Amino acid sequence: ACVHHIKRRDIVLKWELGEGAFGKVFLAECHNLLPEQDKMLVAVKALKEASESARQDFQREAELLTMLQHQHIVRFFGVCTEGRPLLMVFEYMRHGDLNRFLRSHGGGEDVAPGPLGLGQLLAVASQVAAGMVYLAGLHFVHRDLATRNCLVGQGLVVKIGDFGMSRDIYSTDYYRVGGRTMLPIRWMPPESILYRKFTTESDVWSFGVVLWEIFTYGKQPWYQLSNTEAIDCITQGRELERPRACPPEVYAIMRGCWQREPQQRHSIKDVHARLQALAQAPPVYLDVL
């Protein structure tokens, strides 16, 4: 545990932001955290119990978070383990999760009024893709990549996480098996559902489905279908349709992520490359896409 630590007295709770079965999130002020801010806002996760079950999973999640740090991964500042309750401290991300942001832009300080423009939808996709290049670079497999597990900050910075609360707030996006197991079948490729195999390449398939959620402003993939009807479609090889707002050039990058054979899918590095070049493209070019 080369994990950073914060003293209880440096954290001041303001109010609740959200709740899962195994946690609560608060907005707080953290003192003496950054040289040139002596006062800044953060999001704090309180652990429900402090047993054998939940305290080992805590110091494991922390070690993971400290090693994962990059421009498009959520910023983890460290733990407070003096008395209870055990707290993890993160960067505050003012627009909340990317699914909720997409749905309420389908005007302000950070975004124009009306629906998000082609250049904005590309800027979001390109950022999530840069996160998945760093993770695939450390040979780390996510297993739950979707818009509900990304966050949006001031100036539309977009960063990946993996939040405990997503099974609680968004249970409709999971199929329940056995007792306490939940699978995001709408976001999984055929080899994940049939053979239970999870790879770098099942992540790019999931990225494909994220790019689809972005270009439908937060729509549930296969929303017309029961969980069993969605598994039948995916295993029999059927593809999600091109969203209206989706240019054919972009729907071609989605298709590249959905090639039935894992080893025929484009690498995430090529996908980020295609998306960043587009997001940065001169307007004269985006206008006729």
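Numbers follow the displayed sequence, beginning with 1. By rigid core we mean the largest C-alpha set that fits within 1.5 Å across both forms.
Fitting each structure in 9 other deposited structures of this protein onto the rigid core and averaging C-alpha distances over structures and residues, 14-22 emerges as the more displaced of 14-22 and 263-271. Superposing on the core and measuring CA offsets in 9 other deposited structures of this protein, the stretch of 131-139 and 193-201 with the greater mean deviation is 193-201.
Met40, present in the displayed chain, carries coordinates in each of the other PDB entries compared that cover both sides of it, far from a third leaving it out. Compared with other PDB entries of the same protein, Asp232 is present in all of those that resolve the residues around it, none of them, let alone a third, dropping it. Gap check for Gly106 to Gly107: 4 to 9 deposited residues are absent from the model. The question of which stretch, 229-237 or 36-44, has the higher mean Cα B factor is settled in favour of 36-44. The stretch with the higher mean CA B factor, choosing between 89-97 and 169-177, is 169-177. The entry assigns its greatest Cα B factor, within the set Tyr134, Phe163, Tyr217, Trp187, to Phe163. In the PDB entry, a CA B factor belonging to the lowest third of its chain's modelled residues is recorded for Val284. Annotation for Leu116: C-alpha temperature factor in the highest third relative to the rest of the modelled chain, per the entry. Among the modelled residues of its chain, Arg84 has a C-alpha B-factor that falls in the highest third according to the deposited record. Compared with the other modelled residues of the chain, the Cα B-factor recorded for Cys30 ranks in the middle third. The deposited CA B-factor of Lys14 belongs to the lowest third of values across its chain.
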